[PDB]
Each structure stands twice: as C-alpha cells, then as structure tokens.
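Chains as they are written, first to last, in PDB author numbering: chain C, 12 to 210, 212 to 600; chain G, 4 to 908; chain F, 298 to 442.
Every residue, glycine too, gets a C-beta built ideally from N, C-alpha and C.
Only one structure is covered here, and it is reproduced in the block below.
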Amino acid sequence: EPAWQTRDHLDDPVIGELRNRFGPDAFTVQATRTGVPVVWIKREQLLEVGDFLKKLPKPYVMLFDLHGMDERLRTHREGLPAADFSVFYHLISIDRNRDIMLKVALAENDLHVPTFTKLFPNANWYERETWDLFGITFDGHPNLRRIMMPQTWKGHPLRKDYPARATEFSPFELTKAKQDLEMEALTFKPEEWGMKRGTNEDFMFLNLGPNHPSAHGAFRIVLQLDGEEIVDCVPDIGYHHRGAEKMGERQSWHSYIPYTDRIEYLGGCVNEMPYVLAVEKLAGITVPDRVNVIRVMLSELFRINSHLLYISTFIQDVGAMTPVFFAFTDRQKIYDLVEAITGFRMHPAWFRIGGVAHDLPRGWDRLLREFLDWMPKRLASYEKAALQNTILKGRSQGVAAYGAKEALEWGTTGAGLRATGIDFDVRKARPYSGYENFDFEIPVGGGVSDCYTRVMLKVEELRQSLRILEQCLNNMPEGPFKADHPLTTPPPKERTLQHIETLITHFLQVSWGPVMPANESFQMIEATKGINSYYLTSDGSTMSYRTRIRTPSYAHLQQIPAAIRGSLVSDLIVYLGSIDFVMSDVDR
Amino acid sequence: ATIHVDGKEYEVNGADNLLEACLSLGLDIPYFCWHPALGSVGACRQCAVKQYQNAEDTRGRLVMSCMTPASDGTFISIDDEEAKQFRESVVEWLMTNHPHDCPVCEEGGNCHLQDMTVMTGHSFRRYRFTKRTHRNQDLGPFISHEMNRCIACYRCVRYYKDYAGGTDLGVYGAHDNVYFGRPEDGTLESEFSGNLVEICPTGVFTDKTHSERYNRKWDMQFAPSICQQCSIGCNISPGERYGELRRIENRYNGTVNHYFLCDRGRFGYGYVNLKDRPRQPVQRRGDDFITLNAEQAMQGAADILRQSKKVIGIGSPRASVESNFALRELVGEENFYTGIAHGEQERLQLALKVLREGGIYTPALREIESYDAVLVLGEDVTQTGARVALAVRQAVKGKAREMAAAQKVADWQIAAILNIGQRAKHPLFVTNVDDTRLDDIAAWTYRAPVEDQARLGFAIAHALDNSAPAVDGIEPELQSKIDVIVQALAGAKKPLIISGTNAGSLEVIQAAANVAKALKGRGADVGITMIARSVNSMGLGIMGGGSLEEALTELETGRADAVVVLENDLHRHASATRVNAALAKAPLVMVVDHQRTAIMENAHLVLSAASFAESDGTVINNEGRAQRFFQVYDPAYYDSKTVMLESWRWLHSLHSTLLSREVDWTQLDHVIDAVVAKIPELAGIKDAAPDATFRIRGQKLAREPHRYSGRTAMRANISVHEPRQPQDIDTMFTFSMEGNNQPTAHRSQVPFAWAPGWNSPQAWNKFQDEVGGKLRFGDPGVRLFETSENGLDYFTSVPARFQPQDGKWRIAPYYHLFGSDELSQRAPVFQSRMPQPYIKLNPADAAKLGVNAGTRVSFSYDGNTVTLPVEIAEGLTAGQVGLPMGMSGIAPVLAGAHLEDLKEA
Amino acid sequence: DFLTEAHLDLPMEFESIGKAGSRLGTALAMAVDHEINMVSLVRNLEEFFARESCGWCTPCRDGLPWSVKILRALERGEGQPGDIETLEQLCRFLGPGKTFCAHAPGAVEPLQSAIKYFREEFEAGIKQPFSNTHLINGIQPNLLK
Ligand code: SF4
Ligand code: SF4
Ligand code: SF4
Ligand code: SF4
Ligand code: FES
Ligand SMILES: [Ca+2]
C-alpha cells in the first residue's frame, strides 16, 4: 500500500476508545489522504471529546492546529455531515506519535462553537484567527477580537464570497487611519486588549513597534509595566498579513509554489517541500529516490542558511556586531550554490509536483565540496567569538525559561520543544522525503528551554545538517529528477518539446492547471524554525479549495506572554532574538 | 433501469445508452465519435467499459458504452484496469499521427482531444515512426481547415450530412488516409456550417473570424447574451478580449438552440468591432462636430427638448424592450412611433394576434423537431429563421425515427435508424416565390407569387374544413396537389404550420392562421410558428405604437419639432428621400445609436449607445419568449475617454434631466419594474433573469474563467497603475473571475461552460441535468403569453390570383442569410460571403425585354433609378422581378411593391 | 492463426482447429517452409491487413500501421526494446469486441501465433537500443530508469 492511499484509520486505537466512551453513533469517521484519523464530532460533545483525549493513558497533549473551512461551495462532500462551515482541531499525541483531526460542522446561521482555551491555551490566537477570517464566534473566549485584519475591517476574508483581489486605494482611508494611529497612544484602553486594572496607577503602557530595527519583521507589543518589570503583555500581530491561503484558493496547484516560498522567507525550499508533498499525496505520486535526495539537499542547505542568520542576529541583538558579516559571507557561499542549482537566491520556486524544475547542473558537487570544507572552521570561529563569551551567556542563560508542560500546552515546536527535553522531530518520528536513509542525530536539551539552550541546540542542528549534506554529496542516485506520473507538473521539457502527448499534458497543466481529484491531504515537516504543515482540501478542480498553512512562529509568539511574565524589557529583547521567528511566518 | 457502475447502484433511463447515462450521473467516460444530438455510431472506440454478466463475475468483457443500452440490472466498470488500459491505448493510437501543433492551433485550451488525452493519463510517447500528413483546403471565409489534426471520429460528416442536410462535405480515401472535407476547394454551402468548429473535437475546423484576432478560452470575458441577427433568439456566449468582441460561441439552451447556431449568428458579430462606431456623444454645431461627455450632452439635449413644442420618438426592433420603453417614457405614449412601416407593422401585429390570441400552441425551437408534418407558407425559413429550418429537417427525419422505433431499435442507434428509414420522411410542403434550401427534403414546393401562395393556403384550409372560405379558380393539377397536401396534413398526429412577416403579404399570414384553425377544429395537435424579422420585432409589436409613416408625416407637417431616433437607420422602412427631407425639416434630430448610420449627417445630436456586447436588456423572440442578454465588457475599461452607455440608460437620464433638471442614470431592474408596471403585456420580462442582488451562496457570477491572465499587464501600455475593476450594478454578473461558475450552481444563466477536465464545449454535459436534455435548473427565458382558451375566426379576405400587368413589375422578395439582416452586412467578413446584388428575371420576361443573363437593367423606385445585373430565375413566375431584400439600396419594405420602367441601361 | 507440425494430425473441423488455438476459416490451408522468414511473412500479412482497413474505427486503422512499421523495423534489424511487447499489446487490444468489425482480430491472429511459436525470429530483429528522443541543447533530459 502506498503512502498516499486513502485510509479511514478505523484500526487506530483512538477510534476504538472513542467508540467505547461516547458510542458508535456519536461521530463520523472520514476517509482522507491526510494520514491522520479525521473524526466529525457533534458540537455539543466537543469539549467532552477534548477532555477525553486529554485524559487518555497516552494523552493527546498538544493542540497542533485549529481553524475553519467554508464548505458552502464544496460539491464533493460524500460521506460527510451537512455543513455550511466547519472547524477543525488537529491534536498531536507525542507519546503515541499519533494525531487526530476533530471536525465540527456548523450551519450558516448558528456560527458559534464552545471555546477550546480551557483545554489548550493556544486556542486563544487560533480561535481569534478563525473568527477574524471566517466570522465564527467562540463562546467563552476571553477577548475575541480581530488578529490579522484591523478592528475596523468589514467582512471576513477567508469566506468564499469575499473577493480575493485588492480593492482600489483611497488616500482618505489612509489619512483617517493615520488619525487613529495618532490617537492610539492617547485613547488606549486596556479592556480592548484583554488587560485589566490598567493605569493603582503603578503601571505604564509601552509600545515597541511598529517597526523594529531587526530582520524578523515589523510588529507591536504592548506591555503593562511596573518600573522595569513586565506584568502583562499581548503582541499586536497582523502587520505582515499577505492572504496566502486566500491566494491558494485563486492559484492553480502549480502556480502557487512561489507563494509557498514567501511564507518563511528564510526557508525557501524548506517551505516548498510540505506543499509539494501534500499535492503529490493528492495526485498519488511516489517520487523517485534522486528527487528525495535532491529535495533533502536543498532543504538542509536552506536550513543551514536560516540557522546561520538566526545565530548572527541573536549575537547582534546581544551586542556583538562583528560575526554577522562573516556569517553573511557564508550565506553568500550557500547562495552561490543555490543560484547554481535553482537559478535564484532566496525564493528558488524550484520544487515541482512530482520532482524538481531542472536536473542538477554539471558541477554542483564541486560547489558543495567547497562549501562543506569551508563551513566547520567558520562555525568554530563564531562559537569561540560569541557563543562561549561570558557576557553573552549572562545575557542569555536563564532568560525566559519554560519546561515540557509549557511547551506542550502552547504548541511550541522545534528548538524550544527539544530544549525542554522532549525528543520530537518530524524527520525521525514521522519521516518524509526519504529521511530514513540518512544517518543524523536529533539534539535535545536538559529539560529547561533557555535562550542559550535553544541557540546551542540550533548550532547542533546546523552540525547535523552538515552531516546530512555530506551524506547527500557522497551518495546520490543516478536517475530521473521527475516522476513517471501523468500528473507531474510540468512534464520533462525535452519530451514536451518533441512529443505531442507530452506537449498536450504540458499545455493543459500550465494553462488551466493540473486536476487533483477531490481529497484532503496533509503534510507535516520539520521547518527551519519549528514544525510546518500544509493542509490541502481539493474539490476536484485545478485550484485548491482550501489551503491551510500551520507555522510554528504563531505558537512561539503566543507563548511570548506566558514565558516573559515577571521579567524585564531587556529579557524581552533577548527572548525575541532567541525565538527564530519571522513575521511572515506568523501572519502569512 | 438499475445499473451498477464500479459496485455503486444507480437509477437511469433504460432507453438511453450507457455513455449518456453515465455522463448524466457525473461519471467520466472518454468519448470522441458520440454526440448527444447525433447519436451513437461506435467509431472512435474510446468509450470502452467492462461489462459483467451478473453480480458475481470477474472476467467481464470490454463493451462500447455508447453502443450498449443501459438496461435494467446492468453491471459495468469504468475504472477497471483493462478498460483504462484500452482507453489509454485508443488515445495513443490517435496520437501516433497527431501533429506537434498545440501552440499554433486555435483549438488549444478548448480541445476535446487534449482533455481526453490528459484524462486517460497518456503522456508518454513510445511511437518512434513517421506521422501521416494531409494537405488543407480553402473552405471559405468562416471555417479554417487543417486536416493533419483529424482523429477520424466522423462527427463532421455525420452532423453536416445526416443532421444539417448539407451536400458538399464528405469523407474520402481509405484505411488511414481518410480525408474529411469538400470534394474541391470552395466555400461550405450550408447555412449551419459554423457548428463544425464545436462539433469537431480537434482543430481541423476552426473559427477563422476568431482566428484573425485569436485568444485562448481562459483569456475570454464571456457573457450570456441573445443573438441579435434575427427573431429566433438563439442563446449565445459572446467572448471578448482587449476591448473587442472576439468570438460568438453557442450557449446551450435546451428549449431553443441546444447545440447549434446558424452562420449569421456565429459570424455576423463583426459590426461590434467597427472603428467608425460612435464612442462619445457628439453635438453638431454648424459644420463642427464637437464632442461632449455624458452630463453636458444630457443637459444640452434636455434644454433643447424643453424648448421644443412636441418631441416624437421613433423606436426600432433592433433595440431591446427597455430602450423602446425608455424612449416611450421620454416622448410620451401618444408620441411614440415604432420604426417599421405601416404594412410591416400590420403584418407583425397580425402575426402577434395569431400567436397570442389564435388558441394554437406556438412551439419552441426544440419542440419543432417532434411534429409529424410541416407546411411552410410564404416564408423563406433558411434565409430568415435558419435554425427553424434545421429543426424542420429533424422533424422530417422523425418518420425514419418512428419506423425504426416500431422495430424495437434504440433511438440512439442512428445508423440502424437511417438504414430502416431509407428515404421515407415526414411530409414537408414549402411555398415561396422561388426555390428554397429546404427543397431537397420537401415533399412538395410551390413556386408562386404571395397572392397565389395565400390562395393555396386558403384552399387547403377550405378542403380541411368546409366552413373556411373557399377559393374559386383553382386548376385541376393545383387541386390535385392541394388534396395531396390535405391528405398528408389530416393524417398527421402533430401538424405544424410555419409562416411569417418576411413574405410581405398579410394574406399569407391569414391563410396560415386559417389552416391552423382548420387543423385545430379536427382535433389535431397543430402548432403554429411565425417568423419575425429583427431580434425584438415581437417586443416592439407587443409594446406597439404608430408607424414610421405617421412619424414622417408629423415631421413634415411641422407638428413635431424634435425627433429622437433610437437604434434605427430609417432607410429600411421608408424611402431615403422622404426620410432625408423630413429629418432636414426637423429643427432637432437626435440619434441614439451604436452603428454609424446615414441619418447622422443631418442629426443635431448623436448619442453613442451600446451594442448588445456592451449593454444589458431584454428581447422577445419569435415564439414570444422574453430573454435577458447581459453586458460582456466595459467599453471604458481600456479607453477611458469612451462614453458609451445603454440606450435605456441614455433615455432615462434624458427624461430625468428634462423633468427635474438633474441627472439620474438608472439601475436596470428599475427599468424592468417600470416596464412590468406600466405595460401588463410585457409583465413577464421580470422572470427572464434574476435581479442584480441574486447571489450563489453570497457570491456573484463570474464572467471570465478563473485562469484569466494578464491582469497586471493588459492595460500597462496606457498606465502602469491597474485601474478599478468595473462594477456591474445592473446585473448579477461581475466583470472579473471573482464569481461562481459551478455546474451545480442553482442558476439558469451560464456565461460559458467549463468543468475541471472538460475544457471543450463538452463541459455542457456537466452543466445539464441529463446529457442532451435541458439545463439542470431549467432553461433561461420565459414565455410572455400562454395559449388562448378560444381561437380567432376564419379570415374571409381571400385575394385574387396574381395578374401580370403591363409596364409594372411585382417585387418578389429574395432573402439571404448573409446580407438581409441590417447589422450583419456591416461585418467586414460578410462582404466575401454576401452575393453580388442581382435582379431576378423570369426567362419569358427577360426574353420579352431582350436582356440576357448578366446584363445591367435600370429601374426607378420612388423616383430613384438604380441599375443591377440580371440573373435568370427559372422558378420565378412571369410578371415578377426578384430583388434581394436588405442589401445596399434595396430596403426590405420593397417586398410586394410594384416596379416601373424596368429597362436595360 | 499459424499452426506447427504438431497440429498437422488434426481433423479439419471448426471445433478441432478452434480448440488448437486457430480457426478452420475457409479451410484452404497454406504451408510455410523453412526458407520463409516468419517476420517478413507476418509483415506481408499485416501490410495487407493495414492497407485493406476501411478506416471506420481507431484500433485497426491506427494500430495496424504501427504493427506494420514495427515489423518493417524488425525485418532490417532496426528493432528496439519494447517492439515485441507493443506487438503483443496490439494483439490483445485488437481482439473481438474491441474493434467495430472482425477484420482486425483476423489481422492480429497470425501476428500473435507467430510471436507465440517463432519468437526467436522476432527477437533477432531487435538490435538498436530504444531511442524516441534526440538531444536538445540546454535542457537536461529526464533519465528514466
Ligand atoms: S487539435 Fe487539439 S491536440 Fe491537436 S494540435 Fe490542436 S489543440 Fe493540440
Ligand atoms: S475533421 Fe474533426 S469532426 Fe471530422 S472526423 Fe476529423 S476530428 Fe472528427
Ligand atoms: S437563427 Fe437567427 S437568432 Fe439563431 S443564430 Fe441565426 S441569426 Fe441568430
Ligand atoms: S476493424 Fe473493421 S470497421 Fe474497424 S477500421 Fe478496420 S475494417 Fe473498418
Ligand atoms: S463514443 Fe463510443 S465508440 Fe466513440
Ligand atoms: Ca451595464
């Protein structure tokens, strides 16, 4: 049985436990290509099912995702409950290495679900984003305001009847918005943002944004302060919203790949991989081995690039401005190899449905060998220059520390989750893209996630990525760079240029789009900054019916208030430098 | 019937074959040679499914789903491995010889062969040998020929010969050298040869007029419109790119014009793209032609109209219901004049009275194909209402259909039906002044003047019913033919009588009404069809008004010092000298029009109105069905200086500026409400299409496909800043791809057909409830009237026989599909197709005048001597001269007029 | 279908020849000696059958010339791997019920019988490696394995 085969997952023990607890008629099991059991639960039993999953012998401890879907235009809904809208809850059990997708069906008039925040605190921002983009009200939410769009925004953009394209610009709207930007400091009310007891009169309100002098993006944090002590803080995000999901509903399966590049713009091919993997799951494509090793090579190269930039920016935020120049020279070496392979520096747009855009250029191994010889001495130099310095250690150790429980309840993944002592990497637990054929280690922490522990874990991850790159250079199969499937978009170019059936396939795939049959697919990968995921719903057309991108920087920014509570502003700056987030990843 | 496809049970129609039954269920089977309108032949061998004998069976057998009936308890599989392998192999065999031509082929992105190559999953070529090659032929100005792309699916020959009755397209050659085309280079003679570009699943037959300015299907902006070239009202999809009307595709209507248009509607659109059209309002001051915007034109016209003592309005059957009603509201009901002559209006009102008061059910265009005998009186259907002639051909083949059904032969087995019914056909009796294009299938043809055809009709009605008025003076041979017609009509279960206003005689319409009443009195299921002239002739007849002669009399007498002419050239309904004198005497002439007409040289004000591609409105076709047509594109999107509005918008704004001295343009639904509130006869036009607030789950209807391209570069040569998307406040459609065009959307107006995997016109199968039937949620268009409870009385006004008087010549009308409609001659592709302007002469009259064939003769009509070359017409009765109606210099009002001093120049 | 010398002791009935993997037909047998190359004989047969196609239906009309070209390539030793497999697939997909009439099953009967009984003559024509594509400068080919 192939990995893309449609499975109902009725042999999962979670289905049997749910049947024994709630009854055989309490839910509907859906057969998908997501790889996880999809269970449609009634709305009135949602909190009961969540509590039952939370109190399992090997419980589902992390709310991985929570969002909505507009099901009004979905023609192929066979074996599904009648739904105008739906809300899905993706929960991960690390102990079982399993996950379950609960789904709640809502009518068009009764668009309200009970809040999930009493079970999982990340449901705060997840439900705020669901309300902002779909208009679904969550009863019991502490403060259900818009998180992506401004508060004075009419309509909900991810609904099907909302126009995707840009409206006409008016200087009047900009000028009045400048007026509210002017009186926002004067007319600030903490009750709007969920804060309480604002201005006792021992607290002051501090706004860091909107523009920070850093490469992680532009955003605001409002802080309740007693002197230099932070008591309450909520981040103001949505300043980097690009409508990537709404764009996914109006681009074909092939023409959306450059938009998948700019989700985490320090990731590139790392961001391209889960999307093309989920599309290949929809298409029923098993890629050959050379495609797997090429994609692994480019993903590890871009992971090293992102980790180098993150370590450099953390060192610069500490105060040492020297190693960022040398590490950007190293990034220039990586960019030289990436320019040679894909033709571009930062957003290659090189992964394809079924393979990659071109074969590897003649001489890639030379550039890879020079880069692999160049890296370790520079890494040791950066280590001895800044990451073994006592001033950097005093600035970074013990700042914004959290344990395994806090990382599990807030959906923190990547360096922080492994620094809390939990060994969970997608490249080993749920392997993808032929990662089982590479010998590499997963670094883990002692059990407490400091800034320093996360930075050293990222350094060890860079070392392991260098090991993977060495294995890619030494052992590469000789064969096709595209699959032997009719849905490989585009087909190989020489056969397009001299065969007429291949020309027909190329013509209809680049113009109208490749036709993915109606199914739901899900791919979860380990990104450069945590765990990334693409959830793609196809209605049988040439475009995505629903593109849902889960990014870890959302969860990290939501964990920001729970970890910095009771600390200083400089601790907040060091924490922001030690998260490895981009605002495009948060806001997408 | 009960069938089981891939283990899933379905209920289908047992009289259908498995291919159309499974396509109606939403299942996908590739097919080439089968068509819903043409039946099954089993040629392309593409639709192979695996049939099993019973519920438990593992071997099966590859059967042909188009050739296999969907009987009760059938077991088939589509996704069987052997069936899929064979379908991919059939695609591969078709692709062995196919040219590497998709980038330079006009069927690219619209190709059924491309769709089925992709859908079978064939993308790898292992064939390494040569590909066969064919030379091409010149098929005329409309169809472009490329025989290399043929897959030998035999659709073209089957449609063109068996369905459309054409004789000049066939299949030649042998084993793999089969050639589909004409026996020699020449124009395709059929009036329905344009449907080959949709019948052909490949790019062998392509729209050449579209090919001149070619763009792909995904790049088109489509709208659901009504063809404006005669009164049949065929549903069309005009598609636009870069501010010009690019193509007319057939839009499916299961009640009117299901899969097929005629060549006048498909290739006569080129007047929209003419460069001499008015794009701005123009005011004539002395010798200068100054250009205004909309507001100053409205203010100036309102001021001058307010100073006038009486403003009259001359409508037209070209304009929609809303434009005519807005003109009627602006000038007043008693000052509104229909733009047609007195005789044309009298014939139109009589045909309307017969239709909506005669008690006989008038059929739709699809319903015509089920009648058992057809009598066409006076009307040249193929040149005036061509789609009715096609439906008459199908009704004639109905006898072979019945003969094959009597032998338990399935109705989709077209070859067996044609073999059983060899040459037996339902009776067709056509009367005209000469031979018609229906004569190859007609049981009898009567070449006689209009009075003699009316007398023949009155005699048929008297022989059917003795209470009908009798005709004295019938020859014994003509009486024998009369009783042959009467015996054929009386034995028919469903007789159909077709007449119209194009014969130029009231008595022909009266005789057809008498025949229909006599057949109704015998208990027969008689239907009556009346063919009008223009797109909204029925609408102008229902709304009514004075004739053009009364308007010219008011202008000449000085009682009217202001005339507003709406979408009328005024020369097809009256003499040019009289119109020019009356318009020159008027101190204000104001022409609201979208085509540069000859009456704008004396016009004081010209309003740049919109054509059907740039306007919304309602038109009433010949059967009395109200149909809404929608705007295709915004003319001001590309050229921002273009101020071209709807005619009803112009006239409503003029009425508002005349009354309240303020400008209000309108919304379209406001004008629709005004029409249905003030004219109860036109109250049914509200249900023709839903209002502008109609949504499909909250979103509008997309005009263009979702892969519409060039949004940030197509206007970049003017300005790099992208403009506002045009807002359509009038209708429910949006000028963007941000809309709904789902096949399952609860709507009736479909701008274009597209399904994922079905890019060709075969996506209409996805847009129908059953394949070849109606649309899923009904067809657009609502009949304005029901059939009457009681009929009329017999028309006792029997005319005398035609007497050829000396020194005078009766003008026999000759109509052409290319040349008689006013707007179609303006299309520059038609001048290569329109015939040379002739004059038809009987051999005895030509010998009496000493003129041969081809010599020039000069005749004076209304004191205007024009010369034409002589063509000898054998079937024309003596004492008559035949003139081509609607051409240059020959108005259609000249039908039945007398001609003086016809003499060789 | 071609029959070997082992089938020579069989009565000339419909059932007996039908049970041997052939047909009685017109019962006018034709004898092939050792001097006749089976590939050339089957090429002559298929050339007749391809040029006497009526052109109505796709498998015979567009698949018999493919078999003709394959057998012509095998005649001069220009056959490539996949040719005999293509001939066998053509024999399976031009059987009874797959074409509009019974001309193409009779066309592919000698080809499948000669491939069954004399495969060593068809394998002798496959000399050149398979090449459907030529090199295009600047585009690296997709080297399928
Ligand atoms: S007819 Fe179809 S397959 Fe052939 S060249 Fe044209 S678009 Fe391509
Ligand atoms: S010309 Fe077109 S319609 Fe005619 S047989 Fe060939 S592919 Fe079919
Ligand atoms: S029959 Fe009349 S309405 Fe129909 S396509 Fe022809 S001209 Fe247009
Ligand atoms: S199998 Fe028969 S029907 Fe088909 S093309 Fe060959 S000879 Fe004609
Ligand atoms: S569609 Fe049935 S054989 Fe052609
Ligand atoms: Ca409009």
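- Within the segment 261 to 283 of chain G, no residue places its CB atom closer than 8 Å to a CB of chain F.
- Taking 8 Å as the cut-off, the Cβ atoms of residue 290 of chain G and residue 763 of chain G do not count as close.
- Around ligand 3, the residues selected by a Cβ distance under 5 Å to any of its heavy atoms are G/230, G/232, G/233, G/235, G/237, G/264, G/265, G/267, G/268, G/389 and G/390, following chain order.
- Nearest neighbour of residue 39 of chain C by Cα position, chosen from C/91, C/519, C/67 and C/483, turns out to be C/91.
- Here the C-alpha atom of residue 668 of chain G lies approximately 51 Å from the C-alpha atom of residue 161 of chain G.
- Listed by position along chain F, the residues whose Cβ is nearer than 7 Å to that of residue 37 of chain G form an empty set, because the closest Cβ is around 13 Å away.
- Of the residues C/43, C/25, C/123 and C/171, the one whose Cα lies closest to the Cα of residue 698 of chain G is C/171.
- Taken through DSSP and simplified to helix, strand or coil, residue 386 of chain C comes out as helix.
- Contact holds between the segment 516 to 523 of chain C and the segment 120 to 128 of chain G, because three or more Cβ pairs, one in each stretch, are under 8 Å apart.
- Neighbourhood of residue 415 of chain G in chain F, by CB distance below 8 Å: empty, with the nearest CB roughly 16 Å away.
- Placement of the Cβ of residue 208 of chain G at a distance of less than 7 Å from at least one heavy atom of ligand 2 is found.
- Every beta strand (DSSP E) of 3 residues or more that sits fully in the segment 62 to 124 of chain G is shown, in chain order, as 64 to 67 and 77 to 80.
- Remark: the C-beta of residue 634 of chain G is in contact range of ligand 6, defined as less than 7 Å to any heavy atom.
- The beta carbon of residue 646 of chain G does not come within 8 Å of any beta carbon belonging to chain F, so the residue lies off that interface.
- Between the C-alpha atoms of residue 758 of chain G and residue 108 of chain C there is a straight-line separation of about 41 Å.
- Using a Cβ-Cβ cut-off of 8 Å, residue 89 of chain G counts as an interface residue toward chain F, since at least one Cβ of chain F sits closer than that to its own.
- Taking each of G/601, G/839 and G/146 in turn and checking the Cα distance to residue 109 of chain G, the smallest one comes out for G/146.
- The count of Cβ pairs closer than 8 Å, one atom from the segment 343 to 354 of chain G and one from the segment 386 to 404 of chain G, stays below three, leaving the stretches out of contact.
- Interface criterion not met: the Cβ of residue 259 of chain C is under 8 Å from no Cβ in chain G.
- Taking a contact as a CB-CB distance under 8 Å, the pair residue 755 of chain G and residue 231 of chain G does not count as one, their CB atoms being some 19 Å apart.
- DSSP places residue 339 of chain C in the helix class (H, G or I) of the three-state scheme.
- Listed in chain order, the non-local C-beta contacts of residue 503 of chain C below 6 Å within the same chain comprise 514, 517 and 518, local neighbours out to five positions each way being set aside.
- Of the residues assessed, residue 169 of chain G falls on the buried side of the cut-off, its CB having 16 or more other CB atoms within 10 angstroms.
- Judged by the Cβ position, residue 672 of chain G fails to qualify as a neighbour of ligand 6 at the 7 Å threshold, every heavy atom of the ligand being at least this far.
- Here the segment 248 to 261 of chain G makes no contact with the segment 655 to 667 of chain G; the two share fewer than three CB pairs at distances below 8 Å.
- Out of G/745, G/726 and G/730, the CA that lies nearest to the CA of residue 738 of chain G is found in G/730.
- By the criterion of a C-beta distance shorter than 6 Å, residue 247 of chain G is surrounded in its chain by 276, once the five residues flanking it on both sides are discounted.
- A residue is called buried once 16 or more other Cβ atoms fall within 10 Å of its Cβ, and residue 626 of chain G is buried on that count.
- Inclusion of residue 492 of chain G and residue 459 of chain G in the CB contact set at 8 Å is not warranted, their separation being larger than that value.
- The alpha carbon of residue 60 of chain G has as its nearest neighbour, out of G/83, G/72, G/178 and G/316, the alpha carbon of G/83.
- Proximity of residue 270 of chain C to chain G, defined by a Cβ-Cβ separation below 8 Å, is not satisfied.
- Residue 131 of chain G has a beta carbon lying within less than 8 Å of a beta carbon in chain F.
- Rounded to the nearest whole angstrom, the C-alpha separation of residue 606 of chain G and residue 306 of chain G is 16 Å.
- When the Cα atoms are used, residue 392 of chain G and residue 166 of chain G turn out to be separated by approximately 11 Å.
- Counting along the chain, no beta strand (DSSP E) covers residue 266 of chain G; the unbroken alpha helix (DSSP H) around it starts and ends at 266 to 270.
- Straight-line measurement puts the Cα of residue 312 of chain F at about 13 Å from the Cα of residue 304 of chain F.
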